Protein chains: 6
Amino acid sequence: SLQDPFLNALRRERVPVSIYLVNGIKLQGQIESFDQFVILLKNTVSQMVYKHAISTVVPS
Amino acid sequence: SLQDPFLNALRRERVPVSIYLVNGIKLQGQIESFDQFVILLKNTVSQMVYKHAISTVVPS
Amino acid sequence: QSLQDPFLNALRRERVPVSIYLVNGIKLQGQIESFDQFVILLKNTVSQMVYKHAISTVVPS
Amino acid sequence: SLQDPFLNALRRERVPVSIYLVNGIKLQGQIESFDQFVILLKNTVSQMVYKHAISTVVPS
Amino acid sequence: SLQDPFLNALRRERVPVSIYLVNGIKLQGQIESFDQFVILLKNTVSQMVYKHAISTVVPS
Amino acid sequence: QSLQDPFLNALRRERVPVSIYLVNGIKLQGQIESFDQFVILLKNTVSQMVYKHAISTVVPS
RNA sequence: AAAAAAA
RNA sequence: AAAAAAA
């Protein structure tokens with residue numbers, strides 16, 4: 001698996017990320033955690049993002 | 001699984017939530033219940049939202 | 001589980017007017033006639049088979 | 001258990017149908033055959049339609 | 001299955017095809033090959049198209 | 001994936017500039033760094049993770 | 001087929 | 001959240 005090491009590196013190093021959704025919308029924050037189906041993305045608030053809705057995850 | 005505790009905390013504490021859909025539409029209400037495939041969001045009425053149609057779930 | 005089946009079953013077994021919003025934002029209206037694992041039969045003037053994968057939300061209208 | 005008898009009746013009786021795609025596009029033909037993932041839609045020329053791209057099937 | 005014999009006939013007989021995508025874009029070419037998840041479409045180049053992105057496959 | 005793996009392998013091994021069209025019409029460009037069952041790592045000025053479910057087509061640029 | 005409408 | 005842009 002490539003997801004877990006990629007996402008964990010971002011979380012452990014607390015790098016600012018952009019999550020681009022499939023609808024073109026760009027979410028920004030830090031990766032708090034993730035499982036098989038979701039990523040929790042945090043700024044001032046934690047939100048649950050469904051991977052099915054994500055196109056890409058990119059360091060900001 | 002991160003999904004069940006995230007949703008259950010929202011449900012159990014009656015948090016006002018925003019559910020953003022993959023078509024960019026924002027729904028608002030409280031998480032009434034959920035299962036493997038759907039979330040029941042209650043404002044004036046209970047509406048069943050398929051998780052496949054959801055991009056994000058956020059406290060409002 | 002399970003919430004989906006009892007929610008649809010009550011709408012069906014009570015013949016309640018519903019709106020089914022599709023993921024593209026089109027709103028379909030009528031009554032839940034029937035459903036299975038993958039589809040919902042929506043009865044109006046003509047009865048139609050709606051794929052669940054295309055549905056965002058089901059609500060009483 | 002509901003999808004297959006529905007599609008089988010349209011096929012057997014050669015019912016003119018509309019297949020609305022998830023992008024709103026409306027295809028018209030009669031259902032030639034179908035399997036788990038696709039439907040063959042017949043008009044002048046026959047075309048294979050992926051179910052994942054279909055929203056609804058309705059007699060025309 | 002009717003999908004494999006449908007695609008196989010197109011490939012074997014080198015029939016010019018239109019592949020309509022879920023975003024409404026129309027691709028044209030010959031079916032070079034396919035597997036469970038993708039189709040290789042040949043026009044001026046060979047391109048790998050994910051089936052999940054495809055609405056319809058039609059002889060042109 | 002007897003077609004998918006050799007196609008991506010050749011682009012990665014040969015460091016071929018690629019274009020990835022997403023299902024929403026947006027085109028990404030870069031080189032394929034690696035890929036697995038669900039994602040492609042695409043590298044340009046940075047490495048980004050692209051979900052395959054969001055991809056329509058991969059082609060050499 | 002808008003390197004991407006914090007919706 | 002155009003009962004639906006044969007694309």
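The sequence lines fix the lettering, A, B, ..., with proteins before strands; numbering per chain opens at 1.
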Under 3.5 Å donor-acceptor pair, F:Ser56 side-chain atoms to G:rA1 base atoms: yes

Can you tell me how far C1' of G:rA3 sits from CG of F:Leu42, to the nearest Å? 10 Å

Find the distance F:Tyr51:OH to G:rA3:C1' and express it as a whole number of Å. 18 Å

If you check every side-chain atom of F:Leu22, which of G:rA4, G:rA1, H:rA1 has the closest atom? G:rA4

Can you see which heavy atom on F:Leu41 is nearest to which on F:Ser47, and at what distance? CB-OG, 4.1 Å

In whole angstrom, what separates F:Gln48's CD from G:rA3's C1'? 7 Å

CD1 of C:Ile55 versus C1' of H:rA1: gap in Å, rounded? 14 Å

According to side chain to side chain donor-acceptor pair (under 3.5 Å), who are the partners of A:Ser18, at least two apart in sequence or on a separate chain? A:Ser60

Rounded to whole Å, how long is the line connecting atom CD1 of E:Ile25 with atom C1' of G:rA1? 4 Å

Measure CE/C:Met49 against P/H:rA3 and give the value in whole Å, please. 20 Å

Between H:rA7 and G:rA1, how far is it from one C1' atom to the other, in whole Å? 13 Å

Whichever of A:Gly24 and B:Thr56 has its nearest RNA chain G nucleotide further upstream toward 5': A:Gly24

Nearest listed nucleotide, side chain of D:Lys26, among H:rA4, G:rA4, G:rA6: H:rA4

Rounding to a whole Å, what distance do you find between A:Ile19:CD1 and G:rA5:P? 16 Å

Same cluster for A:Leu10 and A:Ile54 if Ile/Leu/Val/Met/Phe/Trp/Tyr side chains link at under 4.5 Å? yes

Over how many whole Å does the gap from C:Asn24 atom CG to H:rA1 atom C1' extend? 10 Å

Just checking A:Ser18: base, sugar-phosphate only, or nothing, at a heavy-atom cut-off of under 4.0 Å? nothing

Considering only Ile, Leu, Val, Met, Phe, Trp and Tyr, and joining two whenever side-chain heavy atoms are under 4.5 Å apart, list the other residues clustered with F:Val23. none

Going by atom types alone, do D:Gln3 and C:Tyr51 pair a side-chain donor with an acceptor below 3.5 Å? yes

